[PDB]
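Student: Quick one: this structure, given as structure tokens, is what I'll be asking you about.
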Amino acid sequence: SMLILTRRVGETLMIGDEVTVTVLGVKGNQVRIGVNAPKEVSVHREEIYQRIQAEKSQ
Amino acid sequence: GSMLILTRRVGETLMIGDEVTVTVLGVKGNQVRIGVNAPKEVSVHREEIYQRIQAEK
């Protein structure tokens with residue numbers, strides 16, 4: 001299920017025990033986001049993530 | 001930990017690990033509507049709310 005909420009610029013969301021996702025700013029329909037996560041946790045834009053999955057399948 | 005700064009337009013998504021996704025659902029002024037997909041056992045908290053909970057022990 002998808003958790004849907006609101007975050008204003010400057011506000012943060014905590015995922016799990018070590019990850020944070022912060023809205024750093026908004027420009028039209030563009031959102032500048034800051035993700036802080038432990039070294040072991042990878043963070044990728046979806047377009048990159050998809051290619052990674054496709055290449056891990058070989 | 002490390003910091004990653006990126007841009008996501010409404011409708012775009014980012015992945016954290018292999019089980020979590022964050023999607024920008026909309027923008028109204030300075031507020032952003034966000035959709036988060038995570039496994040049942042992964043807590044999702046608004047930082048300012050979690051801090052209050054922590055404070056009240």
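Going by the structure tokens order, chains are called A, B, ..., each with residues numbered from 1, while ligands are numbered from 1 in the order shown.
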Please build the interface table for chain A against chain B with a cut-off of 7 Å, listing for each qualifying residue the nearest atom pair and the distance in Å to one decimal; count only C-alpha atoms, order rows by chain and increasing number, and write it as JSON lines.

Tutor:
{"residue": "A:1", "atom": "CA", "partner": "B:37", "partner_atom": "CA", "distance": 6.5}
{"residue": "A:2", "atom": "CA", "partner": "B:37", "partner_atom": "CA", "distance": 4.8}
{"residue": "A:3", "atom": "CA", "partner": "B:36", "partner_atom": "CA", "distance": 5.0}
{"residue": "A:4", "atom": "CA", "partner": "B:35", "partner_atom": "CA", "distance": 4.4}
{"residue": "A:5", "atom": "CA", "partner": "B:34", "partner_atom": "CA", "distance": 5.5}
{"residue": "A:6", "atom": "CA", "partner": "B:33", "partner_atom": "CA", "distance": 4.6}
{"residue": "A:7", "atom": "CA", "partner": "B:32", "partner_atom": "CA", "distance": 5.3}
{"residue": "A:8", "atom": "CA", "partner": "B:31", "partner_atom": "CA", "distance": 4.1}
{"residue": "A:9", "atom": "CA", "partner": "B:30", "partner_atom": "CA", "distance": 5.6}
{"residue": "A:12", "atom": "CA", "partner": "B:47", "partner_atom": "CA", "distance": 5.4}
{"residue": "A:13", "atom": "CA", "partner": "B:46", "partner_atom": "CA", "distance": 4.7}
{"residue": "A:14", "atom": "CA", "partner": "B:45", "partner_atom": "CA", "distance": 4.9}
{"residue": "A:15", "atom": "CA", "partner": "B:44", "partner_atom": "CA", "distance": 4.7}
{"residue": "A:16", "atom": "CA", "partner": "B:43", "partner_atom": "CA", "distance": 5.1}
{"residue": "A:26", "atom": "CA", "partner": "B:30", "partner_atom": "CA", "distance": 6.4}
{"residue": "A:29", "atom": "CA", "partner": "B:9", "partner_atom": "CA", "distance": 5.5}
{"residue": "A:30", "atom": "CA", "partner": "B:9", "partner_atom": "CA", "distance": 4.3}
{"residue": "A:31", "atom": "CA", "partner": "B:8", "partner_atom": "CA", "distance": 5.3}
{"residue": "A:32", "atom": "CA", "partner": "B:7", "partner_atom": "CA", "distance": 4.5}
{"residue": "A:33", "atom": "CA", "partner": "B:6", "partner_atom": "CA", "distance": 5.4}
{"residue": "A:34", "atom": "CA", "partner": "B:5", "partner_atom": "CA", "distance": 4.5}
{"residue": "A:35", "atom": "CA", "partner": "B:4", "partner_atom": "CA", "distance": 5.1}
{"residue": "A:36", "atom": "CA", "partner": "B:3", "partner_atom": "CA", "distance": 4.4}
{"residue": "A:37", "atom": "CA", "partner": "B:1", "partner_atom": "CA", "distance": 5.3}
{"residue": "A:38", "atom": "CA", "partner": "B:1", "partner_atom": "CA", "distance": 4.1}
{"residue": "A:39", "atom": "CA", "partner": "B:1", "partner_atom": "CA", "distance": 5.5}
{"residue": "A:41", "atom": "CA", "partner": "B:17", "partner_atom": "CA", "distance": 5.3}
{"residue": "A:42", "atom": "CA", "partner": "B:17", "partner_atom": "CA", "distance": 5.1}
{"residue": "A:43", "atom": "CA", "partner": "B:16", "partner_atom": "CA", "distance": 4.6}
{"residue": "A:44", "atom": "CA", "partner": "B:15", "partner_atom": "CA", "distance": 5.3}
{"residue": "A:45", "atom": "CA", "partner": "B:14", "partner_atom": "CA", "distance": 4.4}
{"residue": "A:46", "atom": "CA", "partner": "B:14", "partner_atom": "CA", "distance": 5.1}
{"residue": "A:49", "atom": "CA", "partner": "B:15", "partner_atom": "CA", "distance": 7.0}

Student: Please save N, CA and C atoms of the selected residues as a short mmCIF file (atom, residue, chain, number, x, y, z; two decimals), in the first residue's frame.

Tutor:
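As written to disk, result-v1.cif reads:
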data_model
loop_
_atom_site.label_atom_id
_atom_site.label_comp_id
_atom_site.auth_asym_id
_atom_site.auth_seq_id
_atom_site.Cartn_x
_atom_site.Cartn_y
_atom_site.Cartn_z
N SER A 1 0.86 -1.22 0.00
CA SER A 1 0.00 0.00 0.00
C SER A 1 0.88 1.25 0.00
N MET A 2 0.44 2.31 -0.68
CA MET A 2 1.22 3.54 -0.76
C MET A 2 0.82 4.56 0.30
N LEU A 3 1.80 5.01 1.07
CA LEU A 3 1.55 6.01 2.10
C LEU A 3 1.62 7.37 1.41
N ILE A 4 0.53 8.12 1.47
CA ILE A 4 0.49 9.42 0.83
C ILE A 4 0.41 10.52 1.88
N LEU A 5 1.34 11.47 1.82
CA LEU A 5 1.38 12.58 2.76
C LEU A 5 1.93 13.85 2.14
N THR A 6 1.95 14.92 2.92
CA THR A 6 2.47 16.19 2.45
C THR A 6 3.74 16.57 3.20
N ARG A 7 4.68 17.17 2.48
CA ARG A 7 5.93 17.64 3.07
C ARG A 7 6.22 19.00 2.46
N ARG A 8 6.35 20.02 3.31
CA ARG A 8 6.66 21.36 2.82
C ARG A 8 8.17 21.47 2.65
N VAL A 9 8.62 22.48 1.92
CA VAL A 9 10.04 22.70 1.74
C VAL A 9 10.63 22.84 3.14
N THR A 12 11.12 17.00 6.58
CA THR A 12 11.76 15.71 6.39
C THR A 12 10.89 14.49 6.71
N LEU A 13 11.17 13.42 5.99
CA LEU A 13 10.47 12.16 6.17
C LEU A 13 11.55 11.14 6.55
N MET A 14 11.27 10.33 7.56
CA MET A 14 12.21 9.31 8.00
C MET A 14 11.73 7.94 7.55
N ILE A 15 12.57 7.24 6.81
CA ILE A 15 12.22 5.91 6.35
C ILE A 15 13.14 4.93 7.06
N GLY A 16 12.56 4.05 7.87
CA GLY A 16 13.38 3.10 8.59
C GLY A 16 14.14 3.80 9.69
N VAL A 26 11.27 23.83 -4.20
CA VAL A 26 10.33 23.59 -5.28
C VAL A 26 10.48 24.67 -6.35
N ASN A 29 6.99 22.49 -11.20
CA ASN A 29 6.60 21.11 -10.95
C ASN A 29 7.83 20.29 -10.56
N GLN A 30 8.95 20.98 -10.33
CA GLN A 30 10.20 20.32 -9.97
C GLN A 30 10.49 20.42 -8.48
N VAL A 31 10.87 19.29 -7.89
CA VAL A 31 11.17 19.24 -6.47
C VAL A 31 12.63 18.84 -6.26
N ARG A 32 13.37 19.66 -5.51
CA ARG A 32 14.77 19.37 -5.21
C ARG A 32 14.70 18.53 -3.93
N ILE A 33 15.26 17.33 -3.98
CA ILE A 33 15.20 16.42 -2.85
C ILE A 33 16.55 15.99 -2.31
N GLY A 34 16.65 15.95 -0.99
CA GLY A 34 17.88 15.52 -0.35
C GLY A 34 17.63 14.20 0.36
N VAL A 35 18.34 13.16 -0.05
CA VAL A 35 18.21 11.84 0.57
C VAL A 35 19.50 11.49 1.29
N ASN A 36 19.39 11.21 2.58
CA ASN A 36 20.55 10.82 3.36
C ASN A 36 20.35 9.36 3.74
N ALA A 37 21.31 8.51 3.39
CA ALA A 37 21.18 7.10 3.71
C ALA A 37 22.53 6.47 4.01
N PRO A 38 22.53 5.36 4.76
CA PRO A 38 23.80 4.71 5.07
C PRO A 38 24.46 4.19 3.79
N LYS A 39 25.79 4.11 3.81
CA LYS A 39 26.57 3.66 2.66
C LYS A 39 26.02 2.40 2.00
N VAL A 41 23.00 1.40 1.76
CA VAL A 41 21.72 1.61 1.10
C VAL A 41 21.86 2.46 -0.15
N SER A 42 21.55 1.88 -1.30
CA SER A 42 21.66 2.60 -2.57
C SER A 42 20.43 3.46 -2.83
N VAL A 43 20.65 4.60 -3.47
CA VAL A 43 19.58 5.53 -3.82
C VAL A 43 19.75 5.86 -5.30
N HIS A 44 18.69 5.67 -6.08
CA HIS A 44 18.74 5.94 -7.51
C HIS A 44 17.44 6.49 -8.06
N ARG A 45 17.55 7.29 -9.12
CA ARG A 45 16.38 7.80 -9.80
C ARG A 45 15.81 6.53 -10.42
N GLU A 46 14.50 6.49 -10.64
CA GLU A 46 13.86 5.31 -11.22
C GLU A 46 14.44 4.88 -12.57
N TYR A 49 17.53 3.07 -11.80
CA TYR A 49 17.21 1.83 -11.10
C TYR A 49 16.76 0.73 -12.05
#

Student: Could you work out how far atom CA of residue A:25 lies from atom CA of residue B:53, giving the answer in Å with one decimal?

Tutor: 26.6 Å

Student: Record the distance separating atom CA of residue A:18 and atom CA of residue B:19, expressed in Å with one decimal.

Tutor: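 Separation of atom CA of residue A:18 and atom CA of residue B:19: 14.6 Å.
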